Number of protein chains: 4
Amino acid sequence: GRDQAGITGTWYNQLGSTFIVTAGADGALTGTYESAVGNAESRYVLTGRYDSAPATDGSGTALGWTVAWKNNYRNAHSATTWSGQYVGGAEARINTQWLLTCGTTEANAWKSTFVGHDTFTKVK
Amino acid sequence: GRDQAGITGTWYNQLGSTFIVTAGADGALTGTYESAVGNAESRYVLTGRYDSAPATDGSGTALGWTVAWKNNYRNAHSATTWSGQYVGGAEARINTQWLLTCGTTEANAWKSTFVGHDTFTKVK
Amino acid sequence: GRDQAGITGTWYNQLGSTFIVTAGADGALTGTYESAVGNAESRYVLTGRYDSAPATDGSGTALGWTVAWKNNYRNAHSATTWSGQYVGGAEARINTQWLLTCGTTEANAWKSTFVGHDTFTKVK
Amino acid sequence: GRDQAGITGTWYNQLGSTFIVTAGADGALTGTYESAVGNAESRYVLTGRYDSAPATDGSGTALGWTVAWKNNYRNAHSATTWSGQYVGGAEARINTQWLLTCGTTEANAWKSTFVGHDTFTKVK
Ligand SMILES: O=C(CCCC[C@@H]1SC[C@@H]2NC(=O)N[C@@H]21)NCCCN(CCc1ccccn1)CCc1ccccn1
Ligand SMILES: O=C(CCCC[C@@H]1SC[C@@H]2NC(=O)N[C@@H]21)NCCCN(CCc1ccccn1)CCc1ccccn1
Ligand SMILES: O=C(CCCC[C@@H]1SC[C@@H]2NC(=O)N[C@@H]21)NCCCN(CCc1ccccn1)CCc1ccccn1
Ligand SMILES: O=C(CCCC[C@@H]1SC[C@@H]2NC(=O)N[C@@H]21)NCCCN(CCc1ccccn1)CCc1ccccn1
Ligand SMILES: [Cu+2]
Ligand SMILES: [Cu+2]
Ligand SMILES: [Cu+2]
Ligand SMILES: [Cu+2]
Ligand SMILES: [Cu+2]
Ligand SMILES: [Cu+2]
Ligand SMILES: [Cu+2]
Ligand SMILES: [Cu+2]
C-alpha cells in the first residue's frame, strides 16, 4: 500500500483518544481504539479499510473504520464509524468525520445518531 | 452473538445495492458490497463491527462497516462508512446513515465528504 | 420564485411533526414548526432560505431552515437545521437531512450534535 | 437576548469566509455570508435562529442559520445550513457543523449533500 507505512502506528485525537492501527497491503485496517470520553474504558477492537493505491496528485488517502463499544469491561450499545482521509507529510494527519449510532427503540430512533469530527496526529 | 443469525446474509438497500455480510461471534462483520450507483462496479471488500450483546429492552443492535472503493476493476479514491442499527422482526431492517469521504487536496477538503442514509432489507 | 407556490403551505414528516412555511419571492422561508417528538411542545419560530430560481433540468430546489427550540412554553437549549431539496409533482416532497445541536459545556461538546433525516409530504 | 451582544458582529471561519450577523432580542439571526470557497462570489442573504435564553451553567448557546447560494451574481442551486453553538469568553467561538444540499435529479439525490464543520472566530 502506498501509505501503508504512513498510516500504521499510534495516533491521537484532540480529545486525547488513542487510535492504534495496522494498515495491510490489501487495504485492511485493524487495531484498537481507546476513547478518552464517553461510556468507554480501555481498548476496543476496530476494523476498517483504506485506499491502498491513492492518487498521486497531492490528494489525501481515503479511509474509514468502525468501533463497536463493547469490550470485556463495558458495553455502551453503540458503534462509531470514522470516515476521512490520511494526509502525509512532516505533520501527518488523519482528518475525520464520524457517526456514533446507539441502539434505540423505534420510537427513539430519531435521536439515535451523533455526528462529529476528530483530527488525529502522530503526537500528543 | 445475540443477532449473529439475524445479521448474517444478503441485504439490499433502496438504491438496489447489495450488502453481503457475515457477523462473527466476536462482533466482527465481514463481506462484500456492490453499489448500484456511483463510481463503482462489482464487489468491494467490507469490514466492520456490531454489538454482539445488545440490550434486551427492544432496542436495536448498533453496528457499522466501511468500504474503500478500490477493487480489481476501479478505484474511486474514496471510502464510505455506514453507522446504524439492526432491527429484527418479520420485516428486519438495518437503518443507517453514512459518510463518503473522497481523497482531496487540502484546498478542496471542505468538499470531501458526502452524507446520506440507507435502509437495508432482506428483500428486493 | 419558481416553486414559491409549491413550497408554501403545511407539510408533515414521518414523525408526525408539522412544518408550516411561507416561501417569499426573495428566497425567504418563514413559518412555524411543531415537533411530535423530543423536548418540545406547540409551535416554534422557523426561518430559512430557498433557491428562488432553480434549474429547469428536473433537479430539485435546494432549501434549508432553522428552529431554535425555545418558545413561551419550553426551552430545550438546542437548535435544529434542516438542509434539503423540494421535489415537485403529484406527490411533492421535501427531502432533508438535519443537524440538532444542543448547548453543552466544552467538555461535552463532542456529544453536542445529533444527525438525522426527515421526509416531508403534503399529506399526513 | 443573553448573548445578543456576543453574537452580533463579523465572524470569520478557517477558510477565510465572512459571516456578518445581527442577533435579535426575539431569537432571530439576520445578515450576510461571503464564502471564500466554492461556487460563490460576494455576499448572500442568511437567516437563522438562536437560543435567546441559554442555560447559565457554562453551556454554549445553540444556534443555526441557512444560506441559499443565489445572489445577483451567481446561483449555485444549493443551500447550506450551519448548526452549532456560540461559546463566549476572551476567545469567543461559534463551533458549527454544516450540511450543503445541492438540487439534484432523483437519480442523483444519493449524492446531493456535503457535510463539514466550520469554526468561527472574531479575528482573522
Ligand atoms: O459513549 C459511548 C461510547 C464512546 C464514544 C466515544 C466517542 S466516538 C467519537 C468521538 N471520538 C472519540 O475519540 N471519542 C468519542 N456511546 C454512547 C452511550 C449512550 N448513552 C445512553 C443511550 C443514548 C441513546 C440516544 C442518545 C443518547 N444516548 C450512555 C451514556 C452516554 C455517553 C456518552 C454520550 C451520551 N451518552
Ligand atoms: O462514487 C464513489 C464510489 C461509490 C459510492 C456509492 C455510495 S456509498 C453510500 C451510498 N449507498 C450505496 O449503496 N451507494 C452509494 N465515490 C465518489 C467518487 C468521486 N468523484 C470525483 C472526486 C470528488 C471529490 C469531492 C467531491 C466530489 N467528487 C468521481 C465521480 C463521482 C461519483 C459519484 C459521486 C460523485 N462523483
Ligand atoms: O429535543 C429537543 C427539541 C426537539 C427536537 C425534535 C427533533 S428536530 C429533528 C427531528 N425532526 C422532528 O420533527 N423532530 C425531531 N432538543 C434536545 C434536548 C437535549 N436534552 C438534554 C441535553 C443533551 C446534550 C447532548 C446530548 C443529548 N442531550 C433534553 C432531553 C432530550 C430530548 C430529545 C433528545 C435528547 N434529549
Ligand atoms: O459551492 C457551492 C456554494 C458555496 C458553498 C461554500 C461552502 S458552505 C460550507 C463551507 N463553509 C464555507 O465558508 N464555505 C463552504 N455549492 C455547491 C455547487 C454544486 N456544483 C455542481 C452540482 C453538484 C451536485 C451534487 C454533488 C456535487 N455537485 C457546482 C461546482 C461545485 C462547487 C463546490 C463544490 C462542489 N461543486
Ligand atoms: Cu486514479
Ligand atoms: Cu446517552
Ligand atoms: Cu446493558
Ligand atoms: Cu465526484
Ligand atoms: Cu443554472
Ligand atoms: Cu438529551
Ligand atoms: Cu434551563
Ligand atoms: Cu459540484
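Remarks
- Condition broken by D:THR18, with the remaining ones in (1) within 9 Å of ligand 4 (Cβ to nearest atom); (2) within 12 Å of another protein chain (Cβ to nearest Cβ); (3) not aromatic (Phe, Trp, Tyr) satisfied: (2)
- Positions within the range A:55-76 being over 18 Å from B:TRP65 (Cβ atoms) and either more than 9 Å from chain B (Cβ to nearest Cβ) or crowded, with 24+ Cβ neighbours inside 10 Å (or both), in sequence order: A:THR56, A:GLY60, A:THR61, A:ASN71, A:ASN72, A:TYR73, A:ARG74
- Residue in the range A:102-122 that is within 16 Å of ligand 8 (Cβ to nearest atom) and under 20 Å from B:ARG49 (Cβ atoms) present: no
- Exactly one residue among A:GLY103, A:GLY84 is within 16 Å of ligand 2 (Cβ to nearest atom) and either on the phi > 0 side of the Ramachandran plot or not basic (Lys, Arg) (or both), and that residue is A:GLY84.
- Conditions (1) polar (S, T, N, Q); (2) at the interface with another protein chain (Cβ under 7 Å from one of its Cβ atoms); (3) closer than 19 Å to B:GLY84 by Cβ; number of the one not met by A:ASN39: (2)
- Candidates B:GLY88, B:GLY31, filtered to the one that is in contact with a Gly (Cβ under 6 Å, 6 or more places away or on another chain), more than 10 Å from chain A (Cβ to nearest Cβ) and more than 16 Å from ligand 11 (Cβ to nearest atom): B:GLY88
Okay, residues lined up against (1) closer than 18 Å to C:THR101 by Cα; (2) in contact with a strand residue (DSSP E or B) (Cβ under 8 Å, 6 or more places away or on another chain); (3) in contact (Cβ under 8 Å) with a residue 24 or more places away in the chain:
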position: D:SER42; (1), (2), (3): no, yes, yes
position: D:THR47; (1), (2), (3): yes, yes, no
position: D:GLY60; (1), (2), (3): yes, yes, yes
position: D:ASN75; (1), (2), (3): no, yes, no
position: D:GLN85; (1), (2), (3): yes, yes, yes
position: D:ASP118; (1), (2), (3): yes, yes, yes
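- C:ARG93 fulfils the conditions (1) of a type outside the set (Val, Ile, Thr); (2) within 16 Å of ligand 4 (Cβ to nearest atom); (3) more than 9 Å from chain D (Cβ to nearest Cβ) except for a single criterion, (2).
- Flag for D:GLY88 being touching a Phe, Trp or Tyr at 6+ places or on another chain (Cβ under 7 Å) and either crowded, with 19+ Cβ neighbours inside 10 Å or over 25 Å from B:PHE114 (Cα atoms) (or both): no
- Filtering the range A:21-44 to residues that are surrounded by 15 or more Cβ atoms within 10 Å (Cβ to Cβ), under 30 Å from C:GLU106 (Cβ atoms) and touching an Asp or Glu at 6+ places or on another chain (Cβ under 8 Å) leaves A:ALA40, A:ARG43, A:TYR44.
- Of everything listed in (1) facing chain D (nearest Cβ under 7 Å); (2) touching a strand residue (DSSP E or B) at 6+ places or on another chain (Cβ under 7 Å), the single unmet condition for C:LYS111 is (1).
- When the criteria are applied in full, B:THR101 meets the requirement of being crowded, with 23+ Cβ neighbours inside 10 Å and touching a residue at least 12 places away in the same chain (Cβ under 8 Å).
- Selection count where residues are small (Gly, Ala, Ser) and under 25 Å from B:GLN14 (Cα atoms), scope the range D:80-115: 4
Because the Cβ atoms are built from the backbone with ideal geometry, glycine has one as well, and the counts that use them run over all protein chains shown. Only the coordinates and a few stated rules stand behind these numbers; no lab work does.
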